[PDB]
Amino acid sequence: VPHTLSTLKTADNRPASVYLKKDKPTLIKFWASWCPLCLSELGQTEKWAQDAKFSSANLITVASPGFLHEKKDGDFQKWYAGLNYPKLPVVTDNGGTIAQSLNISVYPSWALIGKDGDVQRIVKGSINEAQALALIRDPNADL
Ligand SMILES: [Cl-]
Ligand SMILES: [Cl-]
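In the entry's author numbering, the protein residues as written are 33 to 175.
The following block contains the structure:
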């Protein structure tokens, strides 16, 4: 995942690596434009990404154009450009390479990648602040 991720860019054409520090675990939120749950959480997730509470980990989100009912590549970025979450990292994975690799099937879903690149936990559905903090405290913890 860490490699495929480093080869991707954000919805606004910046290297995903810009949001990934080498010695930190990575918390990834998978979502899609058609999901009301996901749309209603964009502001919250942006807040989390900038919150000191999660400073010990990288926090990004992944949208997958042309995968799981998401808008095709190009169309997605144009749609998302209409929203405003400047501090929310939105990596676009055309075809959902990472999602398939992790067998993501519902949105939202969260994955915690160890600092070394190994997938440590995959959580289906939305998580709240308490569950997110638990996930960072211990990948195997009961959120
Ligand atoms: Cl729950
Ligand atoms: Cl909540």
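C-beta: ideal position from N, C-alpha, C; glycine also.
Checklist entry - Under a three-way DSSP split, which group does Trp80 fall into? => result helix
Could you check the C-alpha separation between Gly146 and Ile154 for me, to the nearest Å? 12 angstroms
Quick one: does the C-beta of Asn160 sit closer than 6 angstroms to a heavy atom of ligand 2?
yes
Euclidean distance between Cα positions of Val94 and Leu40:
10 angstroms
query = In three-state DSSP terms, what is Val33?
reply = coil
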